[PDB]
Each structure stands twice: as structure tokens, then as C-alpha cells.
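One structure is given here, and the rest of the page talks about it.
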Amino acid sequence: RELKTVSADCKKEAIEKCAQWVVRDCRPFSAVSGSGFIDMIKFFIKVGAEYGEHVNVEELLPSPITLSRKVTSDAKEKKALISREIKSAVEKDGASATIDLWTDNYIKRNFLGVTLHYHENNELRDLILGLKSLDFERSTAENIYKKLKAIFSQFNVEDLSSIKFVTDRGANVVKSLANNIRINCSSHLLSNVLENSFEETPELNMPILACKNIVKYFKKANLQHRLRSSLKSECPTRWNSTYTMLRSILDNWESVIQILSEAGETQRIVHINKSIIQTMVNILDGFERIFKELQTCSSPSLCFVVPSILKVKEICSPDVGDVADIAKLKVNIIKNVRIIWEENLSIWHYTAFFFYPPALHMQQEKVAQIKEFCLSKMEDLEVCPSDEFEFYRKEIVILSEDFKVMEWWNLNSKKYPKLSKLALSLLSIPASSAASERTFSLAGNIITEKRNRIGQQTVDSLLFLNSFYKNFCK
Amino acid sequence: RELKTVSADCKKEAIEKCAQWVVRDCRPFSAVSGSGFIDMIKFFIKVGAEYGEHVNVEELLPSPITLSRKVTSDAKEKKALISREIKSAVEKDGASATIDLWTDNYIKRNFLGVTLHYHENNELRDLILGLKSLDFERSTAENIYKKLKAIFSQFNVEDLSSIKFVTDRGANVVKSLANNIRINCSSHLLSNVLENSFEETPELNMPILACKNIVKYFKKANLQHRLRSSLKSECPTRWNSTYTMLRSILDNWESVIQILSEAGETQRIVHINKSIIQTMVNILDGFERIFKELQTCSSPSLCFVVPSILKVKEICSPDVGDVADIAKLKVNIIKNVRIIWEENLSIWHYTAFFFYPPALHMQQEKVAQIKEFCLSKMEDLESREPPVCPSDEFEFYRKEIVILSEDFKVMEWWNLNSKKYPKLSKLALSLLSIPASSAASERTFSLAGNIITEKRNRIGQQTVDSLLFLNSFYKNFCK
DNA sequence: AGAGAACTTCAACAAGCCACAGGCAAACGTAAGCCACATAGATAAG
DNA sequence: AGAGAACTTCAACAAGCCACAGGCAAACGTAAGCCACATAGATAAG
């Protein structure tokens with residue numbers, strides 16, 4: 001049970017040996033820090049101890065094809081083994097899910113994201129079922145649902161309407177998912193509404209044009225080396241694409257203004273206002289933290305919806321320090337939010353926020369709809385229920401910086417039989433498909449020019465095993 | 001020398017746990033196949049036996065920055081230890097170096113490439129020295145000269161008369177190299193000649209874009225799934241893409257014609273005469289074999305370009321069934337050869353081809369010029385039918401007749417001919433160590449691309465330079 | 001030339017106690033300056 | 001009462017020889033997948 005520290009001589013031998021390895025095989029440096037690699041260290045040490053130093057190492061080495069075959073097989077056995085746990089989680093309505101479709105840049109396959117979210121014990125579950133490519137049939141949503149049910153049948157799950165789905169507004173996706181409770185992706189809604197608000201205000205375009213010319217010059221003239229922070233592009237696919245350029249402008253301000261002064265580019269900066277930049281940064285920092293709080297995986301994010309409304313309507317409300325253009329922007333933002341966000345928000349969002357222990361947030365008319373939905377869900381999952389609802393109205397809870405609604409409800413689960421189960425059912429719902437596009441990002445990470453011959457089954461096997469190893473290993 | 005065996009259960013758990021690691025680490029399956037991999041495994045097994053089982057790993061395994069420090073230290077140690085042998089190679093007049101420029105695609109740095117080749121003992125050493133940054137200077141021949149002097153003085157080299165260069169016709173390239181040896185790149189010149197040949201024949205202009213649009217239609221519309229040898233686009237930055245794409249289209253002709261029949265787009269393929277395609281492939285087969293001949297490094301390639309001139313003039317000889325368009329193409333190709341190839345040739349290639357044991361092939365003024373050049377060099381490097389003298393060495397080598405054996409390698413032939421012709425053999429080992437073109441530079445760039453990656457940004461230039469140098473050293477001095 | 005066997009007579013060593021003080025000899029204290037590997041932050045690709 | 005010391009007799013009895021029955025782990029030929037490595041080969045990119 002006690003590790004035996006060795007003399008530094010074997011240590012130096014290890015250092016030189018691994019330097020030779022890293023140079024010869026030409027691998028990224030951090031691969032030594034891989035925890036699985038450290039497990040390899042333990043395994044080879046023990047086999048050396050139990051067989052000596054006069055062994056045949058080579059015959060113990062398998063072939064990579066056998067590696068791939070064993071990977072796919074073990075994927076099959078482990079997915080079969082966890083099918084039972086997933087079915088148990090689904091039956092009690094404890095599970096939610098998000099989906100999307102992904103494409104690479106080499107073969108352009110129609111890969112679909114299948115992620116299942118729920119909660120077990122005191123760890124918030126979040127599972128990636130598998131990325132199955134649709135192949136090439138006109139990318140029809142009919143084939144999408146066919147392959148979807150093929151995926152679900154791999155775990156013996158044939159019911160979907162009870163699963164709560166948080167997805168964006170893809171036409172075919174929403175068309176097919178109208179049979180399911182469709183929740184708009186809060187992050188995607190924020191990005192789209194922000195883009196709509198920006199496109200309604202040309203009064204920022206002229207400094208935007210100047211900044212775009214600045215960044216083009218920076219990526220062209222090759223002068224980023226003397227900034228300590230290289231300028232970034234927009235990349236509209238990137239979330240909060242304006243925030244990154246606002247940062248790379250305001251933060252680098254001193255160095256960039258000095259180098260444009262010393263490079264004879266005073267023309268590039270005569271059309272820029274600092275006050276507007278600082279006001280917009282002060283407005284957009286809240287938006288960035290809304291993004292990060294709505295992209296939380298190991299924490300519930302559906303309870304953020306109405307506090308997000310409060311924070312936005314406080315931020316978007318006109319102030320004294322705004323310009324006429326900025327006040328016009330704020331009015332446009334108010335119009336867009338009232339026609340999109342609150343228009344599309346519905347009973348699920350307010351009800352999921354309601355279970356937060358300070359239930360005095362929405363003392364307005366929304367309590368009626370929230371109570372009706374709570375009664376319906378109590379029937380679905382079924383001290384009395386309405387008595388529970390009334391006694392919850394008697395509860396007052398003080399916020400603390402480390403307070404969690406989940407632990408609070410579970411410690412009140414001893415007092416409340418089924419409303420706590422309702423809370424965990426609602427708390428297991430992220431407010432966005434951030435996990436879905438992160439799965440897409442991971443798939444992009446595993447794909448590369450040298451990896452253009454991979455098979456789809458191998459890919460979804462790898463990602464499922466990675467998710468299982470992340471979530472159910474202690 | 002006997003080796004032992006483990007239980008099958010041990011092998012099974014090895015499979016299980018290595019799969020666990022690789023799925024956790026998300027690494028390509030080629031990693032286990034590495035030779036350094038099994039080297040480290042053997043070291044681990046030896047240490048585990050020597051130390052037991054309840055031996056800690058966490059303390060033993062170092063930190064990545066420690067690794068970078070140790071790699072730089074080992075690189076500089078090998079630099080110091082090998083600079084002396086490399087200097088001996090420098091003044092043994094058998095050294096060949098590569099020079100080029102390359103820009104990154106993430107940070108867009110400017111890098112000057114220097115490597116070195118030499119022959120010692122029964123092996124041709126191929127060492128990649130360094131791809132050093134030019135910082136952000138004006139990128140002139142002065143910065144290039146400073147960088148190359150710094151590169152070589154890092155290995156205690158200050159004179160560059162003996163070194164022999166092969167490179168392209170860049171502006172700075174022709175600007176700086178006027179003071180030392182210069183040879184034009186065979187690959188760059190060959191690609192330029194192919195582009196000229198296809199440009200000067202107007203009749204074959206439209207099939208190029210026709211085939212490119214065919215590939216584009218089969219690409220963008222997700223039309224590559226049922227194609228056995230799927231088509232790909234040009235990527236003209238590469239070498240002879242057009243012929244390879246045409247070959248692939250000719251290969252898949254059956255699939256594509258039935259696909260057009262089933263899809264009602266037969267008008268896409270009916271616009272091209274197939275006989276044109278067979279004519280193109282029949283002409284270009286010898287060209288592609290020449291392509292594959294010139295790229296050799298572990299075997300000589302400088303000397304195998306004039307016999308490629310022989311092969312071209314054999315191919316460029318007029319045919320009977322060649323269309324008038326094909327006759328125009330071949331006449332234009334002959335003109336391009338006359339105006340480019342012999343224009344860019346130097347005495348290096350003639351001297352390299354001369355050492356072919358049946359020297360009777362080039363019995364012209366060429367061998368006389370080669371004799372004068374070799375006599376000058378040997379007077380610098382130092383009828384009597386015994387070798388005795390360099391002039392008599394050439395006189396005796398002239399009359400030699402050797403069979404065209406199929407498995408003939410001139411390397412060991414001259415190695416055992418050094419007993420007969422010592423100084424001429426030294427000239428041979430000097431000449432053969434020169435690749436004809438700069439394909440090694442692109443190989444080094446490919447290695448860099450294996451190093452530099454979208455996720456592998458933000459690496460110091462000295463670090464990567466040491467990595468590539470040490471890797472080349474190991475591929476030079478490890479048995 | 002035996003042979004066993006016990007006896008005074010010197011008188012002659014000798015193992016067996018102490019007294020004790022003088023090493024060299026194993027092992028524990030500071031100190032100690034070169035390392036040098038371990039510990040937290042920006043930062044580009046995303 | 002006792003001495004200490006050699007013969008004399010059955011004697012039986014616990015050491016070694018012997019070696020046909022009954023028994024057993026060890027060795028060998030066979031056969032069924034079998035199945036996990038091992039081979040080239042191609043296929044894209046670079």
C-alpha cells in the first residue's frame with residue numbers, strides 16, 4: 001500500500017529515455033501527462049516485476065487493427081451493460097436529452113449528436129450516447145428519426161415524448177420534434193437575438209468597419225509579435241463573436257495605438273470612440289457570463305431563465321451614460337427580446353425556475369400556470385401535492401454563495417415525497433445544447449487530415465466510451 | 001539470448017488496459033507501432049523487475065516543461081558531440097545541403113531551411129540540421145546570409161565553398177546564391193515544364209476544367225460514396241495533379257458512365273474523347289517514372305536526370321498514331337526542353353551521369369569537359385595504365401565496359417572501385433550525396449506539419465528546430 | 001625384567017577474578033549553495 | 001546375609017530379505033473450433 005520511492009539515477013534514466021521517445025515518435029508534449037499513460041506505467045512496472053527483465057516484450061504488443069476491433073467489441077458490451085441503467089433512469093422520467101447534426105471538412109458526413117442528460121445520487125449525470133452519421137440521403141428528417149430510433153433501440157428505449165428536449169430552431173428538426181416538448185436552445189437564442197440586435201443598428205458599423213480594417217491589416221502586415229496579445233477575427237459561428245474582438249481591441253489598446261503611431265497609421269484610428277467601447281464591454285460582460293452560466297453541464301441551467309430575463313431587462317434598460325445610438329440600440333433590444341424570448345418562453349421555463357427555494361420570484365400571475373403544470377407532472381409521476389404547493393409558498397430560503405437547489409430539495413426530500421423528484425426531473429435539464437455542440441467540437445478534435453479513413457462506428461464507439469469513462473468511474 | 005513468455009490472461013489484460021488508455025487519451029492507433037514505444041516499454045519492464053511492483057510512478061514521471069528543458073539539453077549535447085564529425089564531412093568535399101523558405105499557416109512565420117548530406121563508410125548520411133526563423137525582417141538575401149552563417153557557425157562551420165546546393169529560381173534564391181554553388185531544383189523545373197507544356201497546347205485546355213468540374217460535381221453533392229477510387233480536385237500547388245486525376249477518371253470510367261446513365265447526366269462525360277485519355281497516359285507514363293526516379297534520396301538521384309533526358313528524347317520521338325494535337329504538344333515539349341533543361345543544367349549533372357560504368361553512351365565533348373573539370377578538382381582535391389595519376393585515372397576509366405546488370409547499384413560499385421579509382425570514387429561519393437531536387441525540403445516541411453498543428457500552436461522556434469535536428473540525427477546514427 | 005597401583009614431595013606453572021584507562025570507531029548535530037523540479041497564470045487554436 | 005562375576009538355557013522377537021496383487025499419477029495421440037495475430041494493399045492527405 002506504500003509506494004517505494006526510487007533513487008534519482010533511475011529517474012534520470014527515465015528522463016533521457018522519455019526524451020528520446022518524444023523526439024522519435026514526434027508526439028505532443030502533454031501526452032506524458034495522460035492519466036491513462038500513467039496507468040500504462042503501472043501496468044508495465046507490475047508485469048516487469050512479476051516476469052523479470054529477461055522477457056519477450058514484442059510478443060506482448062498487439063496490432064492496431066486488433067486494438068480497433070477490441071475497442072468496437074468492448075463498446076458493444078459496455079453499451080449493452082449500461083442499457084439497463086439508462087432504461088431505469090428513463091422510466092422514472094429522470095432523463096432529458098439534446099441533439100444536433102455535425103459535419104467535418106474532409107468527407108462532409110451527416111453526423112448526428114445524441115446526448116442524454118439526467119441525475120444520479122449527488123453527481124449530475126451527462127452522457128453522450130453516440131454520433132451516428134446519416135450517410136447520404138438528402139439529409140431528410142425522416143431518415144433522421146429512423147436512425148434516431150435505431151440508435152435508441154441499441155439501449156432498448158422506444159419512448160420519446162416523455163423525454164424533454166432542448167433544441168434550436170432548425171426547420172426539419174423542430175418539424176420532427178413537434179411530437180416532443182421542444183425547448184429553444186437558450187444559448188443559440190441569445191446568439192441569434194444578439195445578432196438581430198446588432199443588424200438593426202448601423203450606427204456602430206463605421207467603428208466596426210475601422211476595427212475590421214485594423215484586424216485585416218494585423219493579419220496581413222504580420223505585426224502581432226509586439227502586442228503580447230494577437231488580434232482575433234469575428235468568426236460568426238463562434239459564440240459571442242463580437243466579444244472576442246471587443247476584448248482584443250480594448251485590452252490591446254495601448255500597444256496597438258502605440259504601434260500604429262510608430263508605423264504611420266494615424267488614419268486607422270481617427271474614427272473610433274472609446275466611451276462606446278467601454279459601455280458596450282460593460283453591457284456584454286453580463287452576456288458572456290450568461291453564456292457561461294447557460295452552458296453549465298455539471299450544474300442545472302434551466303433555473304436561469306427568468307433571472308436571465310431580469311438581468312437582461314436591467315442591462316438593456318436605457319441608462320444615463322448611453323449615446324442616442326446606444327439608447328436606440330437598447331430600444332431595439334427591448335423590442336427583439338419581447339418579440340422573441342418572452343414570446344417563445346412558456347410554462348416549462350417558469351415552472352423549472354419556480355422550484356428554486358426562494359419561490360417568491362414570480363409572485364405575479366405565472367404562479368397559476370406553474371401550479372397547473374406542477375399538478376400535471378405530479379399526476380404523470382404518480383403530505384398532499386396541493387398541500388405541498390401551498391406549504392412551499394410558506395418557505396423562505398436565504399441565498400448563500402455556495403447554496404445549491406439540488407441539495408436543498410434532497411434534504412427536503414425527507415419532508416416532500418414527490419415534489420423533490422419533480423425538482424430533480426426539472427433540474428436535470430440544461431437550458432441549451434451547449435453539450436451538443438461541445439460533442440461536435442470533440443468529434444472535430446478527434447478528426448484530422450491523417451485520420452480521414454476512420455469509420456463512423458469506430459468514432460461513436462470512441463466518444464461513448466470517453467463519456468462513460470468521464471461520468472461513471474471513481 | 002532466450003526470451004520468455006507470459007500467460008494469455010496477462011496478454012488479455014494488456015489489451016484491455018491499453019485500450020482503456022488509448023480511448024482515454026484519444027490518440028491514433030499507430031502509437032503502439034512506434035519503435036521508441038517498445039523501447040520505452042522494454043526500459044519499463046527492466047526497471048520494474050529491477051525495483052519490484054510497489055514502486056511509485058507519479059514521482060518518477062516528470063513534467064512537460066522538464067521534458068522540454070531535457071530535450072533542449074540533449075539536443076545541444078548532440079550538437080556539440082557531432083559538430084566535429086560534421087566539420088570533417090564539410091572539408092571532405094562530399095557535403096550536400098538543402099536551402100529553401102517556408103511560411104506557417106497559423107502564425108505565418110518565415111523559416112530558412114538548412115540540412116546536410118554526406119557519405120561516411122558504407123552509408124549515405126541524410127541529416128536535417130534546422131529550419132530557422134528569419135524573425136520579421138525585410139526577407140532579403142542579407143538576412144538569409146546572416147541566418148545561414150549563424151546556422152552553420154552553431155556547428156562550427158564558417159566556410160561554404162565545398163557545400164553544394166540544389167534549389168529553385170526564387171528572386172532571393174538567385175539573389176543570394178551567386179557567391180557559392182547553385183543547382184536548379186529538378187522538381188520545381190519539372191513542374192514548371194509540365195505547366196508550360198500544357199499551356200502551349202490550346203486544344204487540351206478545356207478537358208482540364210471539364211474534368212475538374214466533373215470532380216467538383218461528384219464532390220460537393222456528396223457523390224463520392226459509391227466511387228471505388230474516388231476522384232479529387234487538382235490542388236495545383238502539388239506536382240502533376242492533372243495526370244493523376246485523369247488516370248483516376250479513366251479508372252472509374254465504368255462506374256461513372258453507369259452512374260450517368262442511372263442519373264440522366266450523360267451529357268457530362270460525352271464531351272471528352274477517350275482516345276485523348278489513352279494518348280495522355282501513354283505519353284505521361286515515362287514522365288511519371290522519371291518523376292519517381294528523381295525523388296530518390298537513399299539512392300542517387302543527381303546522376304539519374306541526364307538518363308532521364310535520354311528517356312524523354314526517347315518518349316519525345318514522334319509517333320505514328322499521335323493526333324496532330326499530340327504532335328503539337330510534343331513539338332512544344334521539345335522546344336521547352338531545348339529552352340529550359342539545357343539552359344538550367346550545370347557541370348554537376350554531366351559529371352554525375354559520367355560515372356555510369358558504360359561511359360560510352362555520352363562519348364561527346366561532354367566527357368572531355370568532365371575530364372577537364374575532374375582533373376581540376378582532383379588537382380584541388382589531392383600512358384600508365386595503372387591508375388597512378390588522376391589524368392591516367394580518367395584515361396583508364398574511359399575504356400572500362402561493364403554489363404547492364406539489372407540489380408546494378410553504382411554506390412557499392414564505386415565503393416569497390418575506390419581500390420581502382422580512389423579520387424574518382426571520392427568525386428562519385430561527393431556527387432551522389434547530392435539529391436537532384438529539393439524534395440527533401442518538402443519532406444522536412446511535412447515533418448513540421450506533423451509537428452505544427454491547429455491545436456499545436458504556440459511553440460518556440462529553437463525548440464522545434466532542435467526536435468527536427470535530433471530526429472534526423474537518430475535517423476542517421478541509430479542501429 | 002616387567003606391570004598395577006597408590007602414595008608424599010616439592011615446587012612449578014596457570015587459568016581465572018579484578019582496575020582501569022586509552023583509543024579509534026560508528027553515528028549523530030549544523031550548514032549549505034547549486035540545483036531543479038514542482039506551482040500557479042496568459043494564450044492561441046478553437 | 002550378601003557379595004561381585006562368568007556360564008546355560010530355551011526364546012521370541014524385533015531387525016533385514018523377499019517381489020505377486022492391487023493400484024495412479026504421468027505421458028501421448030487425437031480432434032473441435034479457434035481465434036487472435038500476422039500480411040499486403042490500397043487510399044486519401046500531407
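The chains in the C-alpha cells are called A, B, ... from first to last as shown; in each chain the residues are counted from 1, and the ligands are counted from 1 in the order shown.
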
Within 9 Å of chain C, which residues of chain A come that close, and what is the closest atom pair and distance in Å for each? Count only C-alpha atoms (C1' of nucleotides) and give it as CSV.
residue,atom,partner,partner_atom,distance
A:229,CA,C:43,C1',7.8
A:230,CA,C:44,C1',8.2
A:441,CA,C:46,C1',8.8

Now that the selection is made, can you save its residues with N, CA and C atoms as an mmCIF file, in the first residue's frame?
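Final output, saved to out-v1.cif:
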data_model
loop_
_atom_site.group_PDB
_atom_site.id
_atom_site.type_symbol
_atom_site.label_atom_id
_atom_site.label_comp_id
_atom_site.auth_asym_id
_atom_site.auth_seq_id
_atom_site.Cartn_x
_atom_site.Cartn_y
_atom_site.Cartn_z
ATOM 1 N N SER A 229 -0.669 40.187 -27.211
ATOM 2 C CA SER A 229 -1.991 39.589 -27.389
ATOM 3 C C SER A 229 -2.378 39.746 -28.853
ATOM 4 N N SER A 230 -2.372 38.640 -29.589
ATOM 5 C CA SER A 230 -2.646 38.678 -31.017
ATOM 6 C C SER A 230 -4.119 38.976 -31.286
ATOM 7 N N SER A 441 -17.571 19.594 -31.156
ATOM 8 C CA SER A 441 -16.198 20.073 -31.070
ATOM 9 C C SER A 441 -15.237 18.933 -30.766
#

Step one, run DSSP on the backbone; step two, keep only residues of range 27-221 of chain A assigned to alpha helix (DSSP H); then write them as a PyMOL selection string.
chain A and resi 35-51+64-91+141-153+171-177+186-199+205-221

Give me, please, the distance in Å between CA of residue 146 in chain A and CA of residue 131 in chain A, quoted to one decimal.
14.3 Å

Near residue 87 in chain A, within 9 Å and counting only C-alpha atoms (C1' of nucleotides), which residues show up once chain neighbours fewer than 3 positions away are dropped, as a PDB file with C-alpha atoms, in the first residue's frame?
ATOM      1  CA  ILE A  82     -25.359   0.302 -19.316  1.00  0.00           C
ATOM      2  CA  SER A  83     -28.546  -0.062 -21.364  1.00  0.00           C
ATOM      3  CA  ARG A  84     -30.202  -1.346 -18.187  1.00  0.00           C
ATOM      4  CA  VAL A  90     -35.582   6.887 -18.325  1.00  0.00           C
ATOM      5  CA  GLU A  91     -38.571   5.020 -16.881  1.00  0.00           C
ATOM      6  CA  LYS A  92     -38.812   7.300 -13.833  1.00  0.00           C
ATOM      7  CA  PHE A 155     -30.389   0.622 -25.456  1.00  0.00           C
ATOM      8  CA  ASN A 156     -33.962  -0.776 -25.563  1.00  0.00           C
ATOM      9  CA  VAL A 157     -35.682   2.619 -25.365  1.00  0.00           C
TER      10      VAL A 157
END

May I ask for the distance between CA of residue 330 in chain B and CA of residue 292 in chain B, given in Å to one decimal place?
21.3 Å

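Neighbouring residues of residue 366 in chain A at 9 Å or closer, counting only C-alpha atoms (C1' of nucleotides) and skipping chain neighbours under 5 positions away, are residues 347, 350, 351 and 371 of chain A.
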
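For residue 208 in chain B, the list of residues within 10 Å, based on only C-alpha atoms (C1' of nucleotides) and with local chain neighbours fewer than 6 positions off taken out, reads residues 198, 214, 234, 242, 243, 245 and 246 of chain B.
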
Selected residues, N, CA, C and O atoms, written as a short mmCIF file (atom, residue, chain, number, x, y, z; two decimals), in the first residue's frame, please.
data_model
loop_
_atom_site.label_atom_id
_atom_site.label_comp_id
_atom_site.auth_asym_id
_atom_site.auth_seq_id
_atom_site.Cartn_x
_atom_site.Cartn_y
_atom_site.Cartn_z
N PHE B 198 1.46 22.03 -70.97
CA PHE B 198 0.01 22.06 -71.04
C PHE B 198 -0.54 23.43 -71.40
O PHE B 198 -1.67 23.52 -71.89
N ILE B 214 -16.11 17.92 -63.31
CA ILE B 214 -16.65 16.59 -63.05
C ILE B 214 -16.36 16.18 -61.61
O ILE B 214 -17.24 15.72 -60.87
N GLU B 234 -7.67 19.31 -58.20
CA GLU B 234 -6.30 19.49 -58.65
C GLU B 234 -5.34 19.68 -57.48
O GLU B 234 -4.41 18.89 -57.28
N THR B 242 -2.77 16.91 -62.62
CA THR B 242 -3.67 16.71 -63.75
C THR B 242 -3.62 15.27 -64.25
O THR B 242 -4.66 14.64 -64.45
N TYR B 243 -2.41 14.74 -64.45
CA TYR B 243 -2.29 13.38 -64.97
C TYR B 243 -2.87 12.36 -64.01
O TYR B 243 -3.53 11.40 -64.43
N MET B 245 -5.28 12.81 -61.75
CA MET B 245 -6.74 12.90 -61.79
C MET B 245 -7.30 12.27 -63.07
O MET B 245 -8.33 11.59 -63.04
N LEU B 246 -6.63 12.51 -64.21
CA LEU B 246 -7.07 11.90 -65.46
C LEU B 246 -6.99 10.38 -65.39
O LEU B 246 -7.88 9.67 -65.87
#

Counting only C-alpha atoms, which of B:465, B:140, B:256, B:415 gets nearest to residue 75 in chain B?
B:465

Per residue of chain B within 10 Å of chain C, note the shortest atom pair and the distance in Å to one decimal, counting only C-alpha atoms (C1' of nucleotides), and order the rows by chain and increasing residue number, as JSON lines.
{"residue": "B:62", "atom": "CA", "partner": "C:37", "partner_atom": "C1'", "distance": 8.1}
{"residue": "B:63", "atom": "CA", "partner": "C:37", "partner_atom": "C1'", "distance": 8.0}
{"residue": "B:65", "atom": "CA", "partner": "C:37", "partner_atom": "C1'", "distance": 9.5}
{"residue": "B:66", "atom": "CA", "partner": "C:37", "partner_atom": "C1'", "distance": 7.3}
{"residue": "B:106", "atom": "CA", "partner": "C:45", "partner_atom": "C1'", "distance": 8.6}
{"residue": "B:107", "atom": "CA", "partner": "C:44", "partner_atom": "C1'", "distance": 9.5}
{"residue": "B:453", "atom": "CA", "partner": "C:45", "partner_atom": "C1'", "distance": 8.7}
{"residue": "B:454", "atom": "CA", "partner": "C:45", "partner_atom": "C1'", "distance": 5.5}
{"residue": "B:455", "atom": "CA", "partner": "C:45", "partner_atom": "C1'", "distance": 5.1}
{"residue": "B:456", "atom": "CA", "partner": "C:45", "partner_atom": "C1'", "distance": 7.6}
{"residue": "B:457", "atom": "CA", "partner": "C:44", "partner_atom": "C1'", "distance": 6.4}
{"residue": "B:458", "atom": "CA", "partner": "C:44", "partner_atom": "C1'", "distance": 6.6}

Give me a file of those residues, with C-alpha atoms, as a PDB file, in the first residue's frame.
ATOM      1  CA  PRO B  62       8.457  14.170 -14.876  1.00  0.00           C
ATOM      2  CA  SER B  63       6.672  17.377 -16.036  1.00  0.00           C
ATOM      3  CA  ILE B  65       8.440  21.664 -19.184  1.00  0.00           C
ATOM      4  CA  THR B  66      11.108  19.496 -17.578  1.00  0.00           C
ATOM      5  CA  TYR B 106      -1.220  29.594 -38.219  1.00  0.00           C
ATOM      6  CA  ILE B 107       1.444  32.090 -37.108  1.00  0.00           C
ATOM      7  CA  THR B 453      -0.932  21.794 -35.988  1.00  0.00           C
ATOM      8  CA  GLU B 454      -4.071  23.861 -35.421  1.00  0.00           C
ATOM      9  CA  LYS B 455      -4.123  22.630 -31.815  1.00  0.00           C
ATOM     10  CA  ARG B 456      -0.293  22.570 -31.626  1.00  0.00           C
ATOM     11  CA  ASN B 457       0.157  26.338 -31.901  1.00  0.00           C
ATOM     12  CA  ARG B 458       2.499  28.483 -29.806  1.00  0.00           C
TER      13      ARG B 458
END

Which one is closest to chain A: B:255, B:20, B:240, B:167? Count only C-alpha atoms.
B:20

Between B:229, B:472, B:273, B:444, which one has atoms that come closest to chain A, using only C-alpha atoms?
B:472

Surrounding residues of residue 427 in chain B excluding itself and chain neighbours under 4 positions, 10 Å, only C-alpha atoms (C1' of nucleotides), as JSON, numbers by chain
{"B": [93, 94, 351, 352, 355, 374, 377, 378, 381, 414, 421, 422, 423, 431, 432]}

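Note that CA of residue 21 in chain A and CA of residue 62 in chain A are 19.0 Å apart.
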